[PDB]
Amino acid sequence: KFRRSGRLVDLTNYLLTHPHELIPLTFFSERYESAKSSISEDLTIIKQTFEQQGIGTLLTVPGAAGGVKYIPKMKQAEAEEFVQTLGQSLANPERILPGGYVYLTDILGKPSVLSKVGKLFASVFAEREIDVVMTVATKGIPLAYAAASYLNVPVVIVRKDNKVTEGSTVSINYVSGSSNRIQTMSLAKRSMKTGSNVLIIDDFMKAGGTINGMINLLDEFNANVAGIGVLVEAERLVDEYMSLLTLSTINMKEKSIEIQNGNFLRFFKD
């Protein structure tokens, strides 16, 4: 069957792979052929270790329709050290592109980096009620999936083309600050339940025209924005958002990227 040593390894792996799911104690008890009191002490050790190591926390919801829920969390210390390292790598002037753009797609591709950004996002929005994570194609998509895996919620991708083949669609128009052109963004009607609570994730925000377009698109679904998370904000039509980094405009002459913290610390108060 299972001795205690293996039971803890399996318990640890089951929790880590089912974050934000409520598991009844009888599930573990029947699985390891052990008493619910022995399971509860194993969950006490996992709890203390998760907290000490900065992995997360275990919530116990009481009652027969209760159980345990693993919640990924990030300590403020690991958060600002990681954001500091991130900003230092984004500071590289080799990333400067024509038009004052910054090359970040190597960073959005590394697995270690994405899992920590996704964990950070999930840590900050852990206690909101999120049905779905939403972003717009294309570069926001890795971030959206990292965050959604820790939160255990589907991802919805807003498309800027009505090229697509995925059934009936709803589109709106929005003004970016860029092309002050009116671009269009769209979403399949069958890809989001109406009334859902949406966490919006995106790679980058300047004055927020794209995110505000996502907000108005949610109105057409009678959905609610549970939160807004952005990796980089430029130095604003939007409301409350969390940002990891702040980018001061690229001085294209001096070849200089200057980046500081975002407002993320505001969300780590003891």
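Residue indices: 1-based, along the sequence shown.
Counting the unmodelled positions of the deposited sequence between residue 219 and residue 220 gives zero. Across the two stretches, 132-140 and 179-187, the PDB entry reports the greater mean Cα temperature factor for 179-187.
A summary of the deposited B-factors shows that, of 244-252 and 8-16, the stretch with the larger mean C-alpha value is 244-252. Of the candidates 199, 120, 153, 107, the one whose C-alpha carries the top B factor in the deposited record is 107. When the modelled residues of the chain are ordered by C-alpha B-factor, residue 257 sits in the highest third. Sorting the modelled residues of the chain by their CA temperature factor places residue 159 in the middle third. Residue 36: CA B factor lies in the highest third for its chain, per the PDB record. In this PDB entry, the Cα temperature factor of residue 112 sits in the top third of its chain's modelled residues, the highest group. Sort the chain's modelled residues by C-alpha temperature factor and residue 73 lands in the lowest third, per the entry.
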